[PDB]
Every structure is written in C-alpha cells, then in structure tokens.
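Quick look at run_33.pdb (PDB, C-alpha atoms (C1' of nucleotides)):
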```
ATOM      1  CA  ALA O 556     120.159 110.800 178.062
ATOM      2  CA  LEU O 557     120.057 107.831 175.669
ATOM      3  CA  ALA O 558     116.297 107.481 176.163
ATOM      4  CA  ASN O 559     115.900 110.882 174.518
ATOM      5  CA  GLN O 560     118.086 109.701 171.601
ATOM      6  CA  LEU O 561     116.395 106.401 170.682
ATOM      7  CA  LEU O 562     114.407 108.276 168.002
ATOM      8  CA  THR O 563     117.129 110.406 166.422
ATOM      9  CA  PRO O 564     117.009 111.292 162.710
ATOM     10  CA  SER O 565     119.056 109.821 159.901
ATOM     11  CA  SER O 566     122.730 110.748 159.738
ATOM     12  CA  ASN O 567     124.303 108.754 156.902
ATOM     13  CA  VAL O 568     122.745 107.729 153.596
ATOM     14  CA  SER O 569     124.440 104.439 154.410
ATOM     15  CA  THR O 570     122.126 103.995 157.394
ATOM     16  CA  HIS O 571     119.033 106.068 156.602
ATOM     17  CA  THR O 572     116.878 102.977 156.056
ATOM     18  CA  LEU O 573     117.553 101.472 159.483
ATOM     19  CA  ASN O 574     116.275 102.290 162.951
ATOM     20  CA  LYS O 575     118.084 101.857 166.238
ATOM     21  CA  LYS O 576     117.813  98.590 168.159
ATOM     22  CA  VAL O 577     117.228  98.037 171.879
ATOM     23  CA  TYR O 578     118.215  94.759 173.548
ATOM     24  CA  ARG O 579     115.218  94.604 175.866
ATOM     25  CA  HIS O 580     114.948  92.083 178.674
ATOM     26  CA  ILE O 581     112.682  89.103 178.135
ATOM     27  CA  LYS O 582     109.176  90.119 179.157
ATOM     28  CA  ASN O 583     105.569  88.918 179.493
ATOM     29  CA  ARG O 584     104.907  89.323 175.757
ATOM     30  CA  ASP O 585     107.604  86.995 174.401
ATOM     31  CA  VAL O 586     107.348  83.320 173.508
ATOM     32  CA  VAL O 587     110.112  80.919 174.469
ATOM     33  CA  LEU O 588     110.946  77.403 173.314
ATOM     34  CA  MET O 589     111.171  74.964 176.223
ATOM     35  CA  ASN O 590     112.937  71.635 175.656
ATOM     36  CA  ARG O 591     113.438  68.701 178.032
ATOM     37  CA  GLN O 592     116.318  66.422 177.019
ATOM     38  CA  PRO O 593     114.235  63.337 176.051
ATOM     39  CA  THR O 594     113.356  65.124 172.827
ATOM     40  CA  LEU O 595     112.209  61.620 172.074
ATOM     41  CA  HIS O 596     109.429  63.473 170.264
ATOM     42  CA  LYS O 597     108.600  66.900 168.861
ATOM     43  CA  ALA O 598     105.898  67.238 171.507
ATOM     44  CA  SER O 599     108.628  67.295 174.174
ATOM     45  CA  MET O 600     109.880  70.715 172.964
ATOM     46  CA  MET O 601     107.072  73.290 172.882
ATOM     47  CA  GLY O 602     106.730  77.071 172.933
ATOM     48  CA  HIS O 603     105.409  78.626 176.150
ATOM     49  CA  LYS O 604     104.447  82.248 176.824
ATOM     50  CA  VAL O 605     106.907  83.808 179.276
ATOM     51  CA  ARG O 606     105.588  84.875 182.687
ATOM     52  CA  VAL O 607     108.307  86.419 184.850
ATOM     53  CA  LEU O 608     107.723  85.285 188.408
ATOM     54  CA  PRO O 609     109.171  87.366 191.251
ATOM     55  CA  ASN O 610     111.473  85.827 193.834
ATOM     56  CA  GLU O 611     111.902  82.609 191.870
TER      57      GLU O 611
ATOM     58  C1'  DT W   1     139.740  28.049 129.532
ATOM     59  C1'  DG W   2     135.692  29.786 132.130
ATOM     60  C1'  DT W   3     132.666  30.076 136.359
ATOM     61  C1'  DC W   4     131.478  28.920 141.127
ATOM     62  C1'  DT W   5     131.593  28.162 146.825
ATOM     63  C1'  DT W   6     133.060  28.436 151.735
ATOM     64  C1'  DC W   7     135.889  30.662 155.539
ATOM     65  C1'  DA W   8     138.545  33.751 157.886
ATOM     66  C1'  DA W   9     140.453  38.465 158.228
ATOM     67  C1'  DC W  10     139.038  43.259 158.215
ATOM     68  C1'  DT W  11     135.502  47.587 158.961
ATOM     69  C1'  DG W  12     132.453  50.307 161.752
ATOM     70  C1'  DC W  13     129.200  50.896 165.543
ATOM     71  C1'  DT W  14     125.768  50.325 169.402
ATOM     72  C1'  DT W  15     122.288  56.677 174.772
ATOM     73  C1'  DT W  16     121.940  62.024 175.695
ATOM     74  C1'  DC W  17     123.591  66.059 178.526
ATOM     75  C1'  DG W  18     125.692  68.242 182.203
ATOM     76  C1'  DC W  19     128.940  68.825 186.802
ATOM     77  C1'  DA W  20     133.668  68.200 188.570
ATOM     78  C1'  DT W  21     138.419  68.865 187.945
ATOM     79  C1'  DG W  22     141.527  68.565 186.723
ATOM     80  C1'  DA W  23     145.543  65.507 187.505
ATOM     81  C1'  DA W  24     149.704  62.681 185.611
ATOM     82  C1'  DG W  25     153.262  59.910 182.947
ATOM     83  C1'  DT W  26     159.712  59.351 182.876
ATOM     84  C1'  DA W  27     164.164  57.075 181.067
ATOM     85  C1'  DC W  28     168.516  59.366 180.589
ATOM     86  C1'  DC W  29     170.541  63.009 182.187
ATOM     87  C1'  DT W  30     171.890  66.894 184.791
ATOM     88  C1'  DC W  31     173.613  71.352 186.351
ATOM     89  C1'  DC W  32     172.099  73.755 189.793
ATOM     90  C1'  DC W  33     171.593  73.966 194.344
ATOM     91  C1'  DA W  34     172.058  73.539 199.502
ATOM     92  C1'  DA W  35     175.573  71.805 202.889
ATOM     93  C1'  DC W  36     179.485  70.907 206.446
ATOM     94  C1'  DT W  37     183.641  71.729 207.193
ATOM     95  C1'  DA W  38     187.947  73.467 206.389
ATOM     96  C1'  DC W  39     190.842  76.394 204.311
ATOM     97  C1'  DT W  40     192.048  80.755 202.640
ATOM     98  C1'  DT W  41     191.913  86.224 202.395
ATOM     99  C1'  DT W  42     192.928  91.495 203.563
ATOM    100  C1'  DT W  43     194.066  94.804 206.732
ATOM    101  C1'  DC W  44     196.104  95.624 210.573
ATOM    102  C1'  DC W  45     199.006  95.316 214.810
ATOM    103  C1'  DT W  46     203.258  94.876 217.511
ATOM    104  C1'  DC W  47     207.928  93.562 218.568
ATOM    105  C1'  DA W  48     213.080  92.477 217.155
ATOM    106  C1'  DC W  49     219.012  92.229 216.000
ATOM    107  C1'  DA W  50     223.567  94.365 214.919
ATOM    108  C1'  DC W  51     227.133  97.429 215.069
ATOM    109  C1'  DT W  52     229.084 100.435 217.581
ATOM    110  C1'  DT W  53     230.159 103.171 222.406
ATOM    111  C1'  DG W  54     233.438 104.005 226.039
TER     112       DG W  54
END
```
Target encoding structure tokens, full file:
Amino acid sequence: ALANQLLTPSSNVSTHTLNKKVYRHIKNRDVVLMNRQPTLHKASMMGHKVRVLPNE
DNA sequence: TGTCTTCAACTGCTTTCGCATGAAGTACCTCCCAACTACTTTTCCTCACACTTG
C-alpha cells in the first residue's frame, strides 16, 4: 500500500518543496569507507564499492 | 641599591579499540527476625455442702 504512495502530491505549503525519503538497504551501488584501526596513515582508511555477498 | 646563579619542589604526560562483567568496600549500630521453651488464654465441663426431715 505504501509503495503506491511513495509518489503522492504535495499536501502542505510547508512541505511542498520536499519529496518523501526511503531508507533503502545498502546495495551494490553504494560506496563505503573501510578503516582498519592502525589508521597510522590515510591510506589505511579507503572507500570500497559495496558488493553484498550471499551466505557470508 | 641593583642584578645575577644554582637547586629543589611542583606540573603534566608517555598506544588504540574492543570483549567481559561486573563485583565490592564497613565501622557503628541495629531492629527485625527466627527460635526454644515455658507460660498463659478462652470456652467448656463436671461435681459438691448445708440445713433441714422424721
């Protein structure tokens, strides 16, 4: 029922400029910042492209 | 009147990030509590003596 309401029209002039938000799960198109303690250097905390692996 | 020098006392830090799993102080005091035994408590039960009789 909510899937057919994600695109509803404006309702209040207070909110007419916004659009709804969806808290989507992390997926294969997001980048994530991996850090390993040692931080000793900036190269020890890089951004990797997320690949969800099954049964991990 | 003025400026200088050493020593000892005082200040602040000296790996990061998480699991465990939190527990334990205690003197002085006690009033409450649990105890053993005896004592006490409430209802009930049943008999008994004297004067008089003949």
Worksheet item: chain O residues within 10 Å of chain W, counting all atoms listed in the file: which ones, as number ranges by chain?
Response: O: 592-594
Worksheet item: Which neighbours of residue 562 (chain O) fall inside 9 Å, counting all atoms listed in the file, when residues of the same chain fewer than 2 positions from it are skipped, and could you give them as a ChimeraX atom specification?
Response: /O:558-560,564,574-575
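Of the listed residues O:596, O:582, O:571, O:588, the one whose atoms come nearest to residue 608 (chain O) is O:582, with distances taken using all atoms listed in the file.
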